[PDB]
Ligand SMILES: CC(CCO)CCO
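Here's a solo chain for you in structure tokens, the form deposited without this ligand.
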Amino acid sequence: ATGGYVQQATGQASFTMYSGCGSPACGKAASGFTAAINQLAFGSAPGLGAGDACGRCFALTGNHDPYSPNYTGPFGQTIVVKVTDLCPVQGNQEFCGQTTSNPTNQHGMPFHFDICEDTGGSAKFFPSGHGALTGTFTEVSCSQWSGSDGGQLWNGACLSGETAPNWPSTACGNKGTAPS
């Protein structure tokens, strides 16, 4: 997409959980299940505000525990998240370090979703004792997502991807250039 970001509506991803998604990089939180997405897909960099992932909804499915490859299941439920946040390259080299020159992370995944624990998404997705997975995602209509957006936290905040057709398309728009 514009900026060199790798923004595909479906693919393979890794998955983790995180705490504290109430003041996220898109500039609005939401009450439903939410995630951060890796920088190369988010469409912005730290401090630059919303990227084009903001507000888009994705169905996530885990099917592998990369730390325990002998585990065959059960996995969690498929969940629908709204992307509200950025998982930056900086400080997240294992999972969110995809760049235009090296577009997969240390698990070979071209995307990563960090699922917010606060609002319940991670408890639906991660079995007890298996807090990091790999699997698939596919962008869906936000008709498939339960929840309500929070208020703007700063000027330029954006979740307009929530009413956009799936990628390829533009809603909030990308900021600057993807990490190289």
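For every residue, the number given is its place in the sequence shown, counted from 1.
There is another form of this protein, the form deposited with this ligand bound, and it is not shown here; the text below is about that form.
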Problem - residue 119 within 4.5 Å of this ligand in the deposited complex, heavy atoms - result: yes
Practice task
Find out whether any non-hydrogen atom of residue 77 is located within 4.5 angstroms of this ligand in the deposited complex, and reply yes or no.
Solution key: yes
Exercise for the section: Classify residue 123 as contacting or not contacting this ligand in the deposited complex by the rule of any non-hydrogen atom within 4.5 angstroms, answering yes or no. Expected result: yes
Exercise for the section: Indicate whether this ligand has at least one heavy atom within 4.5 Å of a heavy atom of residue 135 in the deposited complex. Expected result: no
Handout entry: Those residues of 20-35 which, in the deposited complex, come within 4.5 Å of this ligand by heavy atom
Key = 29, 30, 31
